[PDB]
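K.L.:
Below is the structure I would like to discuss, written out as structure tokens.
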Amino acid sequence: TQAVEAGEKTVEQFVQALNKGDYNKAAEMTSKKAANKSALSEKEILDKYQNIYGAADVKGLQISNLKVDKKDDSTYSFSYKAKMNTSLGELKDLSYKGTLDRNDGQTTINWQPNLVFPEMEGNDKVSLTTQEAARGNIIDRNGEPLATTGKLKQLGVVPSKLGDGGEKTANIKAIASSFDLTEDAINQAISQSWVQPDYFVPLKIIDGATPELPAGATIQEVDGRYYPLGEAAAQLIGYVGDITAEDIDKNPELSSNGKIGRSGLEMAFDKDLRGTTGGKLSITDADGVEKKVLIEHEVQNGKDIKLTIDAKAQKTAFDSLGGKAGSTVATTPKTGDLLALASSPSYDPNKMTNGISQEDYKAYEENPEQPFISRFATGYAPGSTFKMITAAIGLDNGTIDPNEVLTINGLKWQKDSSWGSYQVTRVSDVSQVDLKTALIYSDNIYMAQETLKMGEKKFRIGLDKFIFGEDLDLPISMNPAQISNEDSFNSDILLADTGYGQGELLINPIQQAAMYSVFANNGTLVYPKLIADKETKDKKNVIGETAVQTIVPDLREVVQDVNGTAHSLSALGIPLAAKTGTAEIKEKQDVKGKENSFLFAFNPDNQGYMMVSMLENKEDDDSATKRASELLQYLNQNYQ
Ligand SMILES: *C(=O)[C@@H](NC(=O)Cc1ccccc1)[C@@H]1N[C@@H](C(=O)O)C(C)(C)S1
């Protein structure tokens, strides 16, 4: 019992060496190459573990139920049970054994072939057969293909079949012109280091119709991941990439000859879409004689995933942005089904997963407008659209009277002289301003005064009833919305700015569509829902039904009144309640000052659809309201 404590330490740090991937240090703990001692030499153990554990991708060796006893003068036999993770799953209830040798003060392990796998004898071998699982598709709310694995048409060139001299140079340009490609890229692809005279070197992928084939234009049909919408759903869906040797080290259950999701839903749902690798891990002997099977299970394909996205609304919402920086969120506000999650500018997913020239990948990483960003998940300042929330709070606590008319003179205003030179500004010079007039002309001075009148304490009481600080249940990485940096404004100026959607507010378009969903459910907040089978979670009594019955009729006038900020939408001739708004951004990249246009709109008759569009760093005379008539028409007669 005095040396058994050091004997259990020997088995403890031996399994730790195997579990740490260091087989050399694990071999140094064995005895000497003899009949009853260790059965192999030093490097003979290193090569035995590395070839077997490396082939099956063995990682995570845990042991339990140790029992170290005695038998002879130095033969203290040990036995335990272990578990490990391989390419085909987890090995459980592995009964191990062996003996020890405690000569002097160094207790070693009499190594035996049963220490690699339980039922391995003298010179036994291990074999692994695996069949990769097909990746499941991603479908929309109507079963349309958003991310399937289909057949593609390739285009490559063989350097020998290009001619026999100067004819190759002319055809290198004839192939570049017949398929719209760079002539310098064809002669560069055929002159790489790995290129051989008769090797089929690929080029680009034919999108559909195959043009005339010049002097050697082989079209080898290949299979790969295909995204039918392309850039329209690039940020949402994502892209898959080839699996690296360092990826298998983290999760050994991945097929090294397969694809892994790198961003978006392809990554957030990688476990459900890749399936499980099938095959058999058996122990053989001599000439592949199947002795004992360790693991063997059938191949399971990936589960298809149905979203709440409308493929037609996703493409229309993206195309309406015209390639400018922005995003659009369209939902069914009574259930939360996100019908479209567009972001612009965007990248090409089919180009990323099917091989992209590194010059073009630098264009996406160095693009100032950042096409990789999912702008529907990026927190912004909500802008003038946030006055709906501030007004609804003011009506609930009785601070704002819908019929009380404030008298505002000029375009600038400040509470006292303690504000220095800062003044709340408004665009229109209306003298008599009530709640109806302030929401039509988008008056900041009215909301600023009614916010200071409301008080900081009473303001947050209504704000805390929303989703500020909450993390929504969506497979989209985002930060929770915040009222301010700290839990206290500690500034009258900051309180007024937060009244009309400025200050230290950060709300992403998905969270905005959730907070604004109360105006379509009579004060009940409906959480957004991306997976089609998810339940409809809601949160009632956020604002009173009285404030909804007061603001919603006013939001109709933002469209119908001749001086409304969203009057251009009255041309649609459909029932609409909207609320526009810009937002000042003082980014230090330039001394100008970028501003972001916003737009919120929904149908007040049936509450069938709700839309939140925005334009980041908008161009002059451009607005989200201008480029919203297209999908507002679609959402009107398709989601009533
Ligand atoms: C709401 O965000 C308001 N805008 C501002 O406070 C900043 C601003 C930016 C550019 C010009 C003027 C003022 C008002 N809402 C928007 C809108 O509803 O589009 C206005 C441009 C009417 S100012």
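The chains in the structure tokens are called A, B, ... from first to last as shown; in each chain the residues are counted from 1, and the ligands are counted from 1 in the order shown.
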Neighbours of ligand 1 at 7 Å or closer, counting only C-alpha atoms and all ligand atoms: which residues, as number ranges by chain?
P.N.:
A: 383-385, 425-427, 441-444, 500-501, 565, 579-584, 595, 597
K.L.:
May I have the residues within 10 Å of residue 93 in chain A as number ranges by chain, using only C-alpha atoms and disregarding those fewer than 4 positions away in the same chain?
P.N.:
A: 63-64, 80-84
K.L.:
Go through A:269, A:96, A:600, A:364 one by one, measure the shortest atom-to-atom distance of each to residue 119 in chain A using only C-alpha atoms, and give the residue with the smallest value.
P.N.:
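Result for the nearest residue to residue 119 in chain A: A:96.
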K.L.:
Using DSSP assignments from the backbone, pull out every residue in range 210-356 of chain A that falls under alpha helix (DSSP H) and give it to me as a ChimeraX atom specification.
P.N.:
/A:234-237,245-250,265-268,270-274,311-319,349-353
K.L.:
In terms of the shortest atom-to-atom distance over only C-alpha atoms, which of A:404, A:470, A:140, A:504 is closest to residue 530 in chain A?
P.N.:
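Using only C-alpha atoms, residue 530 in chain A sits closest to A:140.
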K.L.:
Quick one: residues within 12 Å of residue 357 in chain A, only C-alpha atoms, excluding same-chain residues fewer than 2 positions away - as a PDB file with N, CA and C atoms, in the first residue's frame?
P.N.:
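Heads up, here's the output in around.pdb:
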```pdb
ATOM      1  N   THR A 182     -10.535  36.283 -67.527  1.00  0.00           N
ATOM      2  CA  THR A 182      -9.289  36.997 -67.768  1.00  0.00           C
ATOM      3  C   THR A 182      -8.318  36.109 -68.538  1.00  0.00           C
ATOM      4  N   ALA A 185      -5.425  34.904 -66.483  1.00  0.00           N
ATOM      5  CA  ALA A 185      -5.690  33.895 -65.464  1.00  0.00           C
ATOM      6  C   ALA A 185      -5.659  32.482 -66.033  1.00  0.00           C
ATOM      7  N   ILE A 186      -5.915  32.325 -67.333  1.00  0.00           N
ATOM      8  CA  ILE A 186      -5.884  30.999 -67.942  1.00  0.00           C
ATOM      9  C   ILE A 186      -4.448  30.511 -68.082  1.00  0.00           C
ATOM     10  N   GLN A 188      -2.001  31.544 -66.390  1.00  0.00           N
ATOM     11  CA  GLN A 188      -1.433  31.415 -65.054  1.00  0.00           C
ATOM     12  C   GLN A 188      -1.887  30.132 -64.369  1.00  0.00           C
ATOM     13  N   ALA A 189      -3.121  29.692 -64.630  1.00  0.00           N
ATOM     14  CA  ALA A 189      -3.608  28.456 -64.030  1.00  0.00           C
ATOM     15  C   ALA A 189      -2.949  27.231 -64.648  1.00  0.00           C
ATOM     16  N   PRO A 202      -8.706  22.858 -63.522  1.00  0.00           N
ATOM     17  CA  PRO A 202      -9.992  23.556 -63.576  1.00  0.00           C
ATOM     18  C   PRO A 202      -9.810  25.062 -63.692  1.00  0.00           C
ATOM     19  N   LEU A 203     -10.902  25.731 -64.060  1.00  0.00           N
ATOM     20  CA  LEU A 203     -10.907  27.183 -64.189  1.00  0.00           C
ATOM     21  C   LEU A 203     -12.047  27.785 -63.376  1.00  0.00           C
ATOM     22  N   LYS A 204     -13.177  28.036 -64.027  1.00  0.00           N
ATOM     23  CA  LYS A 204     -14.377  28.556 -63.386  1.00  0.00           C
ATOM     24  C   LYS A 204     -15.510  27.545 -63.537  1.00  0.00           C
ATOM     25  N   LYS A 351     -19.266  31.178 -55.152  1.00  0.00           N
ATOM     26  CA  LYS A 351     -17.873  31.422 -55.495  1.00  0.00           C
ATOM     27  C   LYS A 351     -16.941  31.101 -54.333  1.00  0.00           C
ATOM     28  N   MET A 352     -17.422  31.235 -53.097  1.00  0.00           N
ATOM     29  CA  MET A 352     -16.588  30.964 -51.930  1.00  0.00           C
ATOM     30  C   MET A 352     -16.411  29.469 -51.693  1.00  0.00           C
ATOM     31  N   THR A 353     -17.467  28.680 -51.894  1.00  0.00           N
ATOM     32  CA  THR A 353     -17.400  27.256 -51.593  1.00  0.00           C
ATOM     33  C   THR A 353     -16.835  26.431 -52.743  1.00  0.00           C
ATOM     34  N   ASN A 354     -16.903  26.933 -53.977  1.00  0.00           N
ATOM     35  CA  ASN A 354     -16.413  26.218 -55.149  1.00  0.00           C
ATOM     36  C   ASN A 354     -15.077  26.763 -55.643  1.00  0.00           C
ATOM     37  N   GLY A 355     -14.238  27.254 -54.735  1.00  0.00           N
ATOM     38  CA  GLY A 355     -12.946  27.791 -55.115  1.00  0.00           C
ATOM     39  C   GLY A 355     -13.020  29.207 -55.647  1.00  0.00           C
ATOM     40  N   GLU A 359      -7.255  36.757 -55.280  1.00  0.00           N
ATOM     41  CA  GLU A 359      -7.370  38.179 -55.586  1.00  0.00           C
ATOM     42  C   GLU A 359      -8.780  38.687 -55.308  1.00  0.00           C
ATOM     43  N   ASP A 360      -9.794  37.867 -55.598  1.00  0.00           N
ATOM     44  CA  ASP A 360     -11.175  38.264 -55.344  1.00  0.00           C
ATOM     45  C   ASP A 360     -11.535  38.174 -53.867  1.00  0.00           C
ATOM     46  N   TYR A 361     -10.914  37.252 -53.126  1.00  0.00           N
ATOM     47  CA  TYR A 361     -11.150  37.192 -51.687  1.00  0.00           C
ATOM     48  C   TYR A 361     -10.560  38.402 -50.978  1.00  0.00           C
ATOM     49  N   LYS A 362      -9.450  38.939 -51.489  1.00  0.00           N
ATOM     50  CA  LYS A 362      -8.915  40.179 -50.940  1.00  0.00           C
ATOM     51  C   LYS A 362      -9.843  41.354 -51.219  1.00  0.00           C
ATOM     52  N   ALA A 363     -10.578  41.308 -52.333  1.00  0.00           N
ATOM     53  CA  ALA A 363     -11.533  42.368 -52.634  1.00  0.00           C
ATOM     54  C   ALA A 363     -12.663  42.411 -51.613  1.00  0.00           C
ATOM     55  N   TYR A 364     -13.084  41.251 -51.105  1.00  0.00           N
ATOM     56  CA  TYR A 364     -14.155  41.221 -50.115  1.00  0.00           C
ATOM     57  C   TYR A 364     -13.649  41.625 -48.735  1.00  0.00           C
TER      58      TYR A 364
END
```
K.L.:
So which one's closest to residue 242 in chain A, A:257, A:325, A:149, A:181? Using only C-alpha atoms, please.
P.N.:
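Closest candidate: A:257.
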K.L.:
Could you list, as a PyMOL selection string, every residue within 7 Å of range 303-305 of chain A, counting only C-alpha atoms and ignoring same-chain residues fewer than 4 positions away?
P.N.:
chain A and resi 136-139+272-273+275
K.L.:
Name all residues at most 8 Å from range 280-287 of chain A (count only C-alpha atoms; drop same-chain ones fewer than 6 positions away) and give them as a list in words.
P.N.:
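Close residues of range 280-287 of chain A: residues 56, 88, 120, 123, 124, 125, 126, 127, 128, 129, 130, 293, 294, 295, 296 and 297 of chain A.
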K.L.:
With N, CA and C atoms retained, could you export that selection as a PDB file, in the first residue's frame?
P.N.:
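And here is the file that came out, again.pdb:
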```pdb
ATOM      1  N   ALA A  56      -7.813   6.064 -36.572  1.00  0.00           N
ATOM      2  CA  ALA A  56      -9.184   6.151 -36.089  1.00  0.00           C
ATOM      3  C   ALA A  56      -9.518   7.513 -35.496  1.00  0.00           C
ATOM      4  N   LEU A  88     -15.976   7.367 -35.577  1.00  0.00           N
ATOM      5  CA  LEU A  88     -17.307   6.785 -35.688  1.00  0.00           C
ATOM      6  C   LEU A  88     -18.110   6.895 -34.399  1.00  0.00           C
ATOM      7  N   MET A 120      -6.836  -6.990 -28.415  1.00  0.00           N
ATOM      8  CA  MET A 120      -5.724  -7.083 -29.352  1.00  0.00           C
ATOM      9  C   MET A 120      -4.656  -8.015 -28.794  1.00  0.00           C
ATOM     10  N   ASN A 123       0.444  -9.718 -32.705  1.00  0.00           N
ATOM     11  CA  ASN A 123       0.686  -8.822 -33.832  1.00  0.00           C
ATOM     12  C   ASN A 123      -0.628  -8.625 -34.584  1.00  0.00           C
ATOM     13  N   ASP A 124      -1.589  -7.985 -33.925  1.00  0.00           N
ATOM     14  CA  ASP A 124      -2.898  -7.729 -34.504  1.00  0.00           C
ATOM     15  C   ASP A 124      -2.971  -6.308 -35.048  1.00  0.00           C
ATOM     16  N   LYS A 125      -3.850  -6.116 -36.028  1.00  0.00           N
ATOM     17  CA  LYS A 125      -3.972  -4.862 -36.753  1.00  0.00           C
ATOM     18  C   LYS A 125      -5.405  -4.352 -36.673  1.00  0.00           C
ATOM     19  N   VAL A 126      -5.574  -3.068 -36.982  1.00  0.00           N
ATOM     20  CA  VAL A 126      -6.868  -2.399 -36.925  1.00  0.00           C
ATOM     21  C   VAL A 126      -7.171  -1.806 -38.292  1.00  0.00           C
ATOM     22  N   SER A 127      -8.433  -1.898 -38.709  1.00  0.00           N
ATOM     23  CA  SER A 127      -8.883  -1.339 -39.975  1.00  0.00           C
ATOM     24  C   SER A 127     -10.095  -0.449 -39.736  1.00  0.00           C
ATOM     25  N   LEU A 128     -10.219   0.592 -40.557  1.00  0.00           N
ATOM     26  CA  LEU A 128     -11.305   1.558 -40.439  1.00  0.00           C
ATOM     27  C   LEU A 128     -11.901   1.814 -41.815  1.00  0.00           C
ATOM     28  N   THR A 129     -13.190   1.521 -41.959  1.00  0.00           N
ATOM     29  CA  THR A 129     -13.947   1.802 -43.171  1.00  0.00           C
ATOM     30  C   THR A 129     -15.018   2.828 -42.835  1.00  0.00           C
ATOM     31  N   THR A 130     -15.117   3.878 -43.650  1.00  0.00           N
ATOM     32  CA  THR A 130     -16.061   4.959 -43.399  1.00  0.00           C
ATOM     33  C   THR A 130     -16.732   5.380 -44.696  1.00  0.00           C
ATOM     34  N   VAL A 293     -15.313  -6.550 -33.748  1.00  0.00           N
ATOM     35  CA  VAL A 293     -15.767  -5.236 -34.187  1.00  0.00           C
ATOM     36  C   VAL A 293     -15.909  -4.336 -32.968  1.00  0.00           C
ATOM     37  N   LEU A 294     -15.284  -3.161 -33.027  1.00  0.00           N
ATOM     38  CA  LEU A 294     -15.375  -2.188 -31.943  1.00  0.00           C
ATOM     39  C   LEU A 294     -16.597  -1.286 -32.109  1.00  0.00           C
ATOM     40  N   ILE A 295     -16.684  -0.589 -33.240  1.00  0.00           N
ATOM     41  CA  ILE A 295     -17.792   0.308 -33.542  1.00  0.00           C
ATOM     42  C   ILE A 295     -18.263   0.032 -34.962  1.00  0.00           C
ATOM     43  N   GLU A 296     -19.581   0.034 -35.159  1.00  0.00           N
ATOM     44  CA  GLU A 296     -20.151  -0.112 -36.497  1.00  0.00           C
ATOM     45  C   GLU A 296     -21.586   0.393 -36.459  1.00  0.00           C
ATOM     46  N   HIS A 297     -21.843   1.520 -37.121  1.00  0.00           N
ATOM     47  CA  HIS A 297     -23.193   2.051 -37.230  1.00  0.00           C
ATOM     48  C   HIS A 297     -23.405   2.595 -38.635  1.00  0.00           C
TER      49      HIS A 297
END
```
